[PDB]
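Next comes just one chain, in structure tokens: the form deposited in one PDB entry.
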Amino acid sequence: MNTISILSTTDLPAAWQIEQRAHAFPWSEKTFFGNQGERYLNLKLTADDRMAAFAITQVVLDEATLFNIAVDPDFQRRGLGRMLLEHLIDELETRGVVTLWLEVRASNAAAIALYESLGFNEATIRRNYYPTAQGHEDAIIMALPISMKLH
């Protein structure tokens, strides 16, 4: 069974392990533990009795930024990243959020595809934005319009 819930403080060690494993460019610890707390709507997906995925999102006024989505490699290509993001988008709609923003490196084919399927649009391309061991890499800024529902 797949259960989506709030990512609480006790969940953070588990999510910090998934971060190191899943991301080609993991966050630092200070970045990871800082992106929690007020204005954060952070979520986990629990597959059976294991954390499968988490998502880090900050809500400001009627907009939101997805800072992080990660699916544990053991769980990838199984629909769980899409599922987590769908429950997030639904949750953002109930909160009056009209646009979900993210930024993604141009070579992240899997992320880019996930976002395409959810309806994210390319807002802009930041040329040579991310410094890497290889030099620089473009960042794509994407926006998902979230249409208002009756409640």
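Whichever C-alpha set is largest while still superposing within 1.5 Å between the two forms counts as the rigid core. Residues carry their position along the shown sequence, with the first being 1.
Note that the form solved in complex with a partner chain isn't included here; everything after this is about it.
> Heavy atoms within 4.5 Å of the partner chain in the deposited complex: which stretch in 92 to 100, 65 to 73, 79 to 87, 47 to 55 meets that?
Only one stretch passes the 4.5 Å heavy-atom test: 65 to 73.
> May I ask you to state whether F120 is within 4.5 Å of the partner chain in the deposited complex, using heavy atom distances?
Residue-level check for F120: no, no contact with the partner chain.
> Taking heavy atoms only, is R21 within 4.5 angstroms of the partner chain in the deposited complex?
Answer no; every heavy atom of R21 is more than 4.5 Å from the partner chain in the deposited complex.
> Can you tell me if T31 lies within 4.5 angstroms of the partner chain in the deposited complex, counting non-hydrogen atoms only?
Although the partner chain is absent here, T31 would touch it in the deposited complex, with heavy atoms inside 4.5 Å.
> Tell me, yes or no, whether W16 is in contact with the partner chain in the deposited complex, where a contact means a heavy atom of each within 4.5 Å.
So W16 does not count as contacting the partner chain.
> Look at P131 and decide if its Cα position differs by 2 Å or more between this form and the one not shown after superposing on the rigid core.
Passes the 2 Å threshold, so yes.
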